[PDB]
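> Letter by letter, the sequence shown follows residues 16 to 34, 37 to 67, 69 to 125, 127 to 130, 132 to 184, 184A, 185 to 188, 188A, 189 to 204, 209 to 217, 219 to 221, 221A, 222 to 245 of the authors' numbering. Just so it is clear, CB atoms sit at the ideal spot from N, CA and C, and this is done for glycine as well. Next up is a structure, given as structure tokens.
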Amino acid sequence: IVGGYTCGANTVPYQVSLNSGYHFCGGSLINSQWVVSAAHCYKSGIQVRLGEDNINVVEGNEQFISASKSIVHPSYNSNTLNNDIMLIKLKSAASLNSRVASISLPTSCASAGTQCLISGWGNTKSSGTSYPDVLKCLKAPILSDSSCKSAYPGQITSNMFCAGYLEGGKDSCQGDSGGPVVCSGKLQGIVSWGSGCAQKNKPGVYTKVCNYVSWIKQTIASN
Ligand SMILES: O=C(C1CCN(c2ccncc2)CC1)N1CCN(S(=O)(=O)c2ccc3cc(Cl)ccc3c2)CC1
Ligand SMILES: [Ca+2]
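Set out below in structure tokens:
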């Protein structure tokens, strides 16, 4: 997260760190056995790390659970990043408590102007490299589809939305991918992509989770 702030330990209890020997993507715990992340975060041998703050120190509230099954969206297109969503079933159920909790799926789509909380252990530099060991947070409003489509001509589909600042300075970044974009307690987006981090007029693009609730529910119910 660029231009964000330190969230604080376990203040984003649904945030998960997808680990394959190291943190590579974020995710959101949607229930005790399921994590939602970006399909572009797909990897084999994903160990889901819950209750994380400092990803390099065992602080005592972590739950490291290996994935049993990964389900990338049937229409995920790695070229356009359309349908950039993936479900990860945990081998064993996460013990949900105050530091590790699920985030609610949206009942409706969030709109432009909606303020959201984006979190991740991604790069904090817009021009440079610095990865935080502790979870970073960023408050960013969902931008209007017009601003989004104008920033990314012909690249924004109905399953995407821009969130952030057109002035740049604040944005998701590498390593934040798959992370949650929660607005008013509901997971409305998944850190999907951007042309860079915190670039002027190039807001981050997120997977519009509200378009996948049916798929998410149906998938979970049958796996
Ligand atoms: O521009 C890109 C891709 C982004 C996706 N992209 C297309 C191409 C055509 N249509 C849709 C998307 C192809 C190029 N990247 C540069 C930025 N990097 S990044 O700095 O690692 C990164 C990763 C995830 C991000 C997520 C957000 Cl929400 C904002 C910035 C982000 C920046 C990722 C690849
Ligand atoms: Ca830790």
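#1: First and last residue of the beta strand (DSSP E) that includes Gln240?
#2: With C-beta atoms as the reference, is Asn48 less than 7 Å away from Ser120?
#3: Please state if the CB of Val52 and the CB of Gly44 are separated by a distance shorter than 7 Å.
#4: Once the 5 residues before and after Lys107 are set aside, which same chain residues still bring their CB inside 7 Å of it?
#5: What do you reckon, is the C-beta of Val75 under 6 Å from a heavy atom of ligand 2?
#6: Return the residue from the list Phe82, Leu155 and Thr177 that minimises the CA-CA distance to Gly197.
#7: So if DSSP puts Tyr20 in a beta bridge, which residue, or which two residues, is it bridged to?
#8: Tell me the residue span of the beta strand (DSSP E) that contains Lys87.
#9: Under a three-way DSSP split, which group does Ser32 fall into?
#10: Quickly, what does DSSP pair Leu67 with across the bridge? List them, please.
#11: If you draw a straight line from the C-alpha of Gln30 to the C-alpha of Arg66, how long is it?
#12: What's the C-alpha gap between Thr125 and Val200?
#13: For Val17, count neighbouring Cβ atoms within 10 angstroms of its own Cβ and tell me buried if that reaches 16, exposed if not.
#14: Would you call the CB atoms of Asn179 and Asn101 closer than 7 Å?
#15: What are the boundary residues of the alpha helix (DSSP H) that includes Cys168?
#16: If contacts are defined as beta-carbon pairs under 8 Å, then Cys182 and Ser167 qualify, I think. What distance do you get, rounded to the angstrom?
#17: May I ask you to report which of helix, strand or coil DSSP gives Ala119?
#18: Going by the C-beta, is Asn72 closer than 6 Å to any heavy atom of ligand 2?
#19: How about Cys136 and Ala160: do their beta carbons lie closer than 7 Å?
#20: For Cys128, which of helix, strand or coil comes out of DSSP?
#21: Run through DSSP, which three-state label would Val231 get?
#22: In chain order, what residues of the same chain lie with their CB nearer than 8 Å to the CB of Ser150, ignoring the 5 residues before and after it?
#23: Within this structure, are the beta carbons of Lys222 and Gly184 separated by less than 7 Å?
For this structure:
#1: Residue 240 sits at position 218 when you count from the first residue of the sequence shown. From DSSP, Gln240 is part of no beta strand (DSSP E) but of the alpha helix (DSSP H) over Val235 to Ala243.
#2: As a position in the sequence shown, residue 48 is number 31, starting the count at 1. As a position in the sequence shown, residue 120 is number 102, starting the count at 1. Result yes, Cβ atoms of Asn48 and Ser120 sit closer than 7 Å.
#3: Along the sequence shown, read from residue 1 onward, the residue named residue 44 stands at position 27. Along the sequence shown, read from residue 1 onward, the residue named residue 52 stands at position 35. Going by C-beta atoms, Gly44 is nearer than 7 Å to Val52.
#4: Taking the sequence shown and counting its residues from 1, one reaches residue 107 at position 89. Closer than 7 Å at the Cβ level, and outside the excluded window around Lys107, lie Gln50, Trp51, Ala85, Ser86, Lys87 and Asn245.
#5: Locating residue 75 in the sequence shown gives position 57, where the first residue counts as 1. The answer is yes for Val75.
#6: As a working mapping, residue 197 is identified with position 179 in the sequence shown. Here the closest residue by C-alpha is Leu155.
#7: On the sequence shown, residue 20 is found 5 positions in, with the first residue counted as 1. Paired residue(s): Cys157.
#8: Taking the sequence shown and counting its residues from 1, the one referred to as residue 87 is at position 69. Where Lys87 is concerned, the enclosing beta strand (DSSP E) stretches over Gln81 to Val90.
#9: As a working note, residue 32 is residue 17 in the sequence shown. When secondary structure is reduced to three states using DSSP, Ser32 falls in the strand class.
#10: Counted from its first residue, the sequence shown places residue 67 at position 50. Bridge partners of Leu67: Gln81.
#11: Taking the first residue of the sequence shown as position 1, residue 30 is located at position 15. Taking the first residue of the sequence shown as position 1, residue 66 is located at position 49. Going by the C-alpha atoms only, they are around 9 Å apart.
#12: Taking the first residue of the sequence shown as position 1, residue 125 is located at position 107. Taking the first residue of the sequence shown as position 1, residue 200 is located at position 182. Using only the alpha carbons, I get a separation of about 13 Å.
#13: Residue numbering aside, residue 17 sits at position 2 when the sequence shown is read from its first letter. Per the 10 Å Cβ criterion, buried.
#14: Counting from 1 along the sequence shown, the entry for residue 179 is found at position 159. Counting from 1 along the sequence shown, the entry for residue 101 is found at position 83. Going by C-beta atoms, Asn179 is nearer than 7 Å to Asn101.
#15: Along the sequence shown, one-based indexing puts residue 168 at 148. Run containing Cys168: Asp165 to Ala171, per the alpha helix (DSSP H) assignment.
#16: Locating residue 182 in the sequence shown gives position 162, counting from the first residue. Locating residue 167 in the sequence shown gives position 147, counting from the first residue. That pair is a contact at about 6 Å.
#17: Residue 119 sits at position 101 when you count from the first residue of the sequence shown. Looking at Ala119 - three-state DSSP - the assignment turns out to be coil, as it is neither helix nor strand.
#18: By one-based count along the sequence shown, residue 72 stands at place 54. Yes, Cβ of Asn72 sits closer than 6 Å to a heavy atom of ligand 2.
#19: Taking the first residue of the sequence shown as 1, we reach residue 136 at position 116. Taking the first residue of the sequence shown as 1, we reach residue 160 at position 140. Closer than 7 Å, so yes.
#20: Indexing the sequence shown from 1 puts residue 128 at position 109. Under the three-state reduction of DSSP, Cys128 is assigned to coil, being neither helix nor strand.
#21: Position 209 of the sequence shown, counted from the start, is the residue given in the question as residue 231. The answer is helix: DSSP assigns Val231 an H, G or I state.
#22: Position 130 of the sequence shown holds residue 150. Result list for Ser150: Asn143 and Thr144, in chain order.
#23: The count along the sequence shown starts at 1 and reaches residue 222 at position 200. The count along the sequence shown starts at 1 and reaches residue 184 at position 164. Contact flag unset, no.
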